[PDB]
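Encoded as structure tokens, the structure appears first; notes follow it.
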4 protein chains.
Amino acid sequence: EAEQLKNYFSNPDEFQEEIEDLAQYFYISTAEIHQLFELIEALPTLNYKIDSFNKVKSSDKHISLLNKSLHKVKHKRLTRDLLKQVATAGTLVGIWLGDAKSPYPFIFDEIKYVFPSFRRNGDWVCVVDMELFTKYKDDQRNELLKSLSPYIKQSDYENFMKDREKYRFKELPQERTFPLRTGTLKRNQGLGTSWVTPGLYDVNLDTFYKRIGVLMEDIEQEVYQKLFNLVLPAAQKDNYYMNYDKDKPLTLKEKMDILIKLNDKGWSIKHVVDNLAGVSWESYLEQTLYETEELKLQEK
Amino acid sequence: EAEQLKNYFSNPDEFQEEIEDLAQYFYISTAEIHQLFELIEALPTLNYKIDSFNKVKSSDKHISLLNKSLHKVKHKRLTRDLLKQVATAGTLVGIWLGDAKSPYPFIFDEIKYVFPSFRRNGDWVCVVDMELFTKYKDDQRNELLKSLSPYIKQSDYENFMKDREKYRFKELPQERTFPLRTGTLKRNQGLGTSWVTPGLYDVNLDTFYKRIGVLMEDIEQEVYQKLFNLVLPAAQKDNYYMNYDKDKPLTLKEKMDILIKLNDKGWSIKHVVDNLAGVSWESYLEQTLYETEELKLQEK
Amino acid sequence: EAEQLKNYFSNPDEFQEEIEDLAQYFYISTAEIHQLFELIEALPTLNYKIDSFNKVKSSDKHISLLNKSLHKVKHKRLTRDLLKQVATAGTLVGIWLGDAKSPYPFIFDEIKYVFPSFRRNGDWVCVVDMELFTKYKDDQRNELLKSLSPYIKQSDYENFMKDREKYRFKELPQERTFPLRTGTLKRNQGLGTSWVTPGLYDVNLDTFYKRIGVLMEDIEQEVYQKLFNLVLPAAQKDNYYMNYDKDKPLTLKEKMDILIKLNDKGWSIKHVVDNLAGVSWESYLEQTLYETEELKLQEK
Amino acid sequence: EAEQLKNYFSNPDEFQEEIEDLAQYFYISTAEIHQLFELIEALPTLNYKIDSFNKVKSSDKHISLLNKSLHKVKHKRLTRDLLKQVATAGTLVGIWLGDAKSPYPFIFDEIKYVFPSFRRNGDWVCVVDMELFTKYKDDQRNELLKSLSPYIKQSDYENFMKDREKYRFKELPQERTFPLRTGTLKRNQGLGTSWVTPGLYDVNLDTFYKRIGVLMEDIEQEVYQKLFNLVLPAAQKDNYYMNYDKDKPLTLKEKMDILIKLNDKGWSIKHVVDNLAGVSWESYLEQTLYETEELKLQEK
């Protein structure tokens with residue numbers, strides 16, 4: 001029994017299959033790990049902000065475009081899934097597939113065949129192994145290869161079959177792919193580790209907030225930065241950047257005080273009436289105009 | 001005994017029937033799970049806000065229309081049912097059936113025959129298996145098929161009977177169907193899991209708030225966004241979006257303070273006297289007018 | 001012994017008679033369930049509001065009419081009875097019998113013969129079985145059938161007797177009937193369950209408030225919405241809606257502070273003097289006028 | 001021993017005699033039930049207010065008339081007796097006997113012969129059984145029948161004796177009789193239950209306040225509403241309504257602050273001096289006038 005765990009810990013970058021199996025098994029057959037993973041996926045409030053390294057003339061247009069493109073992708077769910085999966089396996093390789101104007105994400109599931117391998121220019125490089133395709137159905141294989149058409153093609157698989165030991169690995173574009181990792185001490189370590197390994201043999205809140213803050217920063221600077229680059233013109237590359245909040249936010253009372261303080265002489269009133277439970281904005285304005293325009297209460 | 005639970009946990013995506021049976025059984029035969037599900041259905045306040053990514057000239061009309069369309073569907077009950085059900089099974093497939101102007105929802109019961117299967121363009125695709133219809137009564141089968149007339153038709157069932165291994169699956173529209181899921185680690189995992197599995201072998205409040213907040217976000221961006229798209233014209237597609245509140249709201253005292261502060265010199269008084277127990281608005285205004293107009297108390 | 005409870009929990013939608021019998025028995029023979037049900041009936045304060053999706057020209061008339069029609073039905077007692085009964089059985093079917101102008105409610109007792117059965121247009125449909133009438137006395141049966149004259153008639157019972165297996169079920173109008181249910185996980189589940197089932201084998205306050213809040217919302221949007229539709233003209237259908245308060249209200253001190261703050265320069269004084277123990281309003285005004293008009297104390 | 005209690009709980013609507021006997025016995029032979037009943041009769045502060053659904057021209061006259069008619073009946077004692085008796089038996093049937101101008105109440109003591117039986121128009125109907133009169137003395141029987149002259153008459157008893165199985169039940173006018181009940185889960189249940197049944201086998205404060213609040217509301221809308229209708233003209237039927245307070249009132253300090261705040265420039269001074277211990281109002285005014293008029297202290 002013990003020897004199995006010892007061997008698994010001997011090579012955390014090779015015995016990944018068993019680690020994932022036990023992780024998924026104890027996710028449902030135990031509560032501690034279940035609470036761990038739902039805490040990972042839940043604790044973040046995912047309030048975000050996009051800022052710039054320069055103030056261009058037409059900035060507001062870029063801000064609106066970035067907000068819209070962040071909604072279209074529906075980021076919050078993607079961030080939560082990425083956090084849960086990286087915590088599960090310790091490493092992950094995604095990519096933006098759709099066209100530049102309206103990109104859509106794609107998350108590889110098998111790490112044994114797609115992973116980061118080395119670095120160049122200080123940035124990771126991820127190589128897809130073509131052996132992955134030996135198991136997918138012919139129709140499914142053709143569909144997938146059509147999915148990555150401009151980057152990978154059926155010709156690549158045919159060449160691989162021609163010489164399995166020559167074209168066994170293919171590089172992915174830097175501007176799209178993103179590898180995420182966690183649990184690596186060395187900056188030159190490829191495969192991370194899963195958070196289940198420590199407590200596996202057994203079968204604070206601000207500490208976890210700070211632990212997930214680094215993952216949020218990594219997702220900001222690896223995933224959504226490339227999206228901003230894709231959506232915006234070439235001139236505005238790396239000019240804008242997105243940040244998530246890692247600390248506990250200020251509650252409703254202080255927010256309401258700040259908003260009501262702001263309103264005085266000009267600033268928006270809608271968001272003032274907005275945070276009040278009930279008291280819908282349109283009902284508020286309609287009844288107010290009825291009372292001030294029709295009845296003329298203030299004259300009586 | 002133990003082997004049965006071990007096997008159930010081995011394949012959470014195949015042994016769903018027994019999991020649902022045990023979930024429903026312990027809902028009534030025990031209090032812990034009953035409290036769990038009542039807490040899921042009860043804790044949310046379901047105070048909501050629809051906002052826009054742009055300020056159109058006729059915005060107020062859209063806001064009023066969306067509020068009305070949210071009431072007609074009577075959303076709160078639907079949201080509570082969806083939460084309880086997805087927690088029960090871990091996955092759910094609904095669809096907007098009625099016409100675009102006045103849609104009405106429909107929730108499938110058998111996950112084994114209707115489920116999400118894969119993704120395209122980054123979005124889930126749900127395929128209805130026609131074997132489902134092999135058990136319904138002929139009259140009931142015809143009625144149900146007439147229910148989904150434009151999307152599914154009796155001709156599809158006839159073709160399925162002609163070749164059971166060719167037309168065994170049918171796709172549903174993206175603008176209408178919505179799959180919801182919970183308990184999936186990998187972004188490419190279809191079937192979630194039920195919250196009963198962890199504590200099954202056995203037979204904080206802010207943590208649950210945050211756990212259910214993600215469910216509210218998912219239901220916002222999956223269910224009601226499509227409704228907004230249906231109700232509003234094409235030009236305003238995905239322009240508006242609705243958000244539910246996940247944190248504990250500010251109590252009545254602060255609400256009253258903000259409202260009375262707002263009233264000064266112009267803003268509505270109806271919502272001021274409204275929150276006072278008793279003291280109905282009409283009685284208040286009527287007696288005030290009686291005292292100031294007829295008796296002229298302030299002149300004496 | 002245990003087998004009986006196991007069988008009862010096996011089919012909560014079939015063994016309802018025994019469940020209700022045990023519920024009523026332990027209501028009086030034990031204090032826990034008695035406290036439970038008295039808490040359901042007592043905790044709500046039943047302060048209510050009526051608001052509109054539009055501000056019509058003659059709104060005040062509609063507000064007054066709705067308040068009067070809410071009093072005539074004497075809603076509070078009806079709401080408490082409905083809550084207690086639905087908690088007792090888990091389901092309930094009522095209807096508005098009297099004419100539209102001054103309707104009066106009617107609550108069926110036998111769920112086994114009157115229940116919701118299926119859905120159409122997203123709304124439940126309740127079917128009355130005619131076998132119910134096989135037990136009532138001929139005079140009583142005729143009286144009851146006269147009660148539901150426009151919707152059900154003696155001709156229906158005669159047809160049922162002609163062919164017991166053809167006219168066995170009858171539909172009720174949507175604008176009048178209302179089914180209420182509780183304890184159902186699946187949105188397509190007809191019969192709820194009683195709150196006694198969990199603790200039956202054995203023989204927080206804000207949690208109960210929130211649990212009863214959902215029932216209050218259900219009664220608001222299912223029971224009294226139809227009443228509002230009946231009383232108001234066709235043009236104002238679904239325009240007005242009623243809401244009960246679910247949280248703990250602000251105490252008397254803050255209420256009096258708000259009222260006195262309001263009174264300044266014009267607003268009603270009657271409710272200010274009203275909430276003071278003793279100090280009847282008419283005595284207050286009469287003595288004030290006596291002192292300021294005859295004695296002229298302020299001149300001495 | 002146990003079988004007797006089990007049988008009593010089997011038919012709470014039939015074994016009422018023994019329940020009342022044990023209730024009255026343990027009222028004096030035990031302290032718990034004694035505290036229960038004195039708490040019921042004592043806790044309410046019976047501060048009341050009459051409000052209107054409309055503001056008629058001569059409202060003040062109606063307010064004064066209603067206050068006077070509430071004092072003449074000496075409501076507080078009647079309310080306390082009604083609460084104690086309904087708690088004792090679970091049901092009660094009263095009626096207004098005297099003429100409309102100055103009505104006086106009458107509370108039947110036997111429930112086995114006078115009770116509510118069914119409903120019509122949504123309102124309970126109470127039927128007096130004439131068997132009740134078989135025990136009263138001939139002189140006493142004639143006196144009682146003269147008491148209810150316009151409603152019941154000796155002719156009714158003679159007809160009953162003529163055919164005991166035909167005229168065995170007589171209806172009472174709706175505008176006068178009032179049935180009160182408690183302990184009924186079903187809206188179609190006639191006989192309530194006594195509060196002694198739960199703890200009988202054995203031999204918070206805000207919870208009891210809320211429990212008695214519903215009884216106070218029932219007494220308001222069943223007993224005194226009919227009185228208001230009787231006293232006021234036909235045009236003002238159901239226009240006015242009376243409400244008792246169920247929460248703990250604001251203490252003397254806040255009341256005094258509110259009154260002294262009100263007094264400024266015109267409002268009554270008598271109630272200001274009134275709540276001060278000692279310092280009788282007439283002594284206060286007399287000594288004040290002596291000091292300001294005779295001695296002229298303020299000039300010295």
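Residue numbers start at 1 in each chain; chains themselves are named A, B, ... in the order of the structure tokens; ligands are numbered from 1 in the order shown.
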Give me every strand (DSSP E) residue in region 64-261 of chain C, going by DSSP on the backbone, as a ChimeraX atom specification. /C:91-96,105-107,114-120,123-129,169-171,178-181,240-244
Can I get the selected residues back with C-alpha atoms, as a PDB file, in the first residue's frame?
ATOM      1  CA  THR C  91     -50.072  20.220  -1.913  1.00  0.00           C
ATOM      2  CA  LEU C  92     -53.355  22.101  -2.111  1.00  0.00           C
ATOM      3  CA  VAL C  93     -55.887  23.070  -4.780  1.00  0.00           C
ATOM      4  CA  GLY C  94     -58.102  26.126  -4.372  1.00  0.00           C
ATOM      5  CA  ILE C  95     -60.373  28.176  -6.599  1.00  0.00           C
ATOM      6  CA  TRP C  96     -62.276  31.465  -6.685  1.00  0.00           C
ATOM      7  CA  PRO C 105     -62.372  31.176  -2.159  1.00  0.00           C
ATOM      8  CA  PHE C 106     -62.897  27.431  -1.935  1.00  0.00           C
ATOM      9  CA  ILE C 107     -60.267  24.919  -0.801  1.00  0.00           C
ATOM     10  CA  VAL C 114     -58.323  16.810  -6.978  1.00  0.00           C
ATOM     11  CA  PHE C 115     -54.692  17.546  -7.830  1.00  0.00           C
ATOM     12  CA  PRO C 116     -52.440  19.100 -10.450  1.00  0.00           C
ATOM     13  CA  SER C 117     -51.685  16.560 -13.166  1.00  0.00           C
ATOM     14  CA  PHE C 118     -49.555  18.088 -15.939  1.00  0.00           C
ATOM     15  CA  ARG C 119     -48.490  21.391 -17.489  1.00  0.00           C
ATOM     16  CA  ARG C 120     -49.501  23.403 -20.532  1.00  0.00           C
ATOM     17  CA  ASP C 123     -48.586  26.473 -16.148  1.00  0.00           C
ATOM     18  CA  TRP C 124     -50.059  23.655 -14.087  1.00  0.00           C
ATOM     19  CA  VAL C 125     -53.434  22.135 -14.971  1.00  0.00           C
ATOM     20  CA  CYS C 126     -55.625  20.736 -12.191  1.00  0.00           C
ATOM     21  CA  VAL C 127     -58.090  17.928 -12.925  1.00  0.00           C
ATOM     22  CA  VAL C 128     -61.022  17.069 -10.666  1.00  0.00           C
ATOM     23  CA  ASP C 129     -61.973  13.396 -10.501  1.00  0.00           C
ATOM     24  CA  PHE C 169     -61.678  13.887 -15.167  1.00  0.00           C
ATOM     25  CA  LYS C 170     -62.668  17.536 -15.604  1.00  0.00           C
ATOM     26  CA  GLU C 171     -60.550  20.663 -16.040  1.00  0.00           C
ATOM     27  CA  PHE C 178     -54.559  27.650  -7.934  1.00  0.00           C
ATOM     28  CA  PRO C 179     -52.425  24.622  -7.005  1.00  0.00           C
ATOM     29  CA  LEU C 180     -49.769  25.171  -4.339  1.00  0.00           C
ATOM     30  CA  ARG C 181     -47.050  22.621  -3.643  1.00  0.00           C
ATOM     31  CA  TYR C 240     -50.537  45.336 -10.408  1.00  0.00           C
ATOM     32  CA  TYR C 241     -48.872  42.795  -8.137  1.00  0.00           C
ATOM     33  CA  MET C 242     -48.672  42.195  -4.397  1.00  0.00           C
ATOM     34  CA  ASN C 243     -45.673  41.359  -2.204  1.00  0.00           C
ATOM     35  CA  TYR C 244     -45.404  40.218   1.414  1.00  0.00           C
TER      36      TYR C 244
END
Could you list, as JSON, numbers by chain, every residue of chain D that has an atom within 9 Å of an atom of chain C, counting only C-alpha atoms? {"D": [5, 6, 9, 10, 12, 47, 48, 49, 53, 54, 60, 63, 64, 121, 122, 123, 183, 184, 185, 186, 187, 188, 193, 194, 195, 197, 198, 199, 200, 201, 207, 210, 211, 212, 213, 214, 217, 218, 221, 238, 239, 247, 248, 249, 250, 254, 255, 258, 259, 262, 265, 266, 267, 268, 269, 270, 271, 289, 292, 293]}
Would you compute the distance between CA of residue 219 (chain A) and CA of residue 172 (chain A)? Give it in Å to one decimal.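 CA of residue 172 (chain A) lies at a distance of 18.6 Å from CA of residue 219 (chain A).
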What does the structure give for the distance between CA of residue 113 (chain A) and CA of residue 130 (chain A), in Å to one decimal?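 About the pair CA of residue 113 (chain A) and CA of residue 130 (chain A): they are 7.5 Å apart.
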Run DSSP on the backbone and tell me which residues of region 76-252 of chain B come out as helix (DSSP H, G or I); list them as a count of residues only. 70
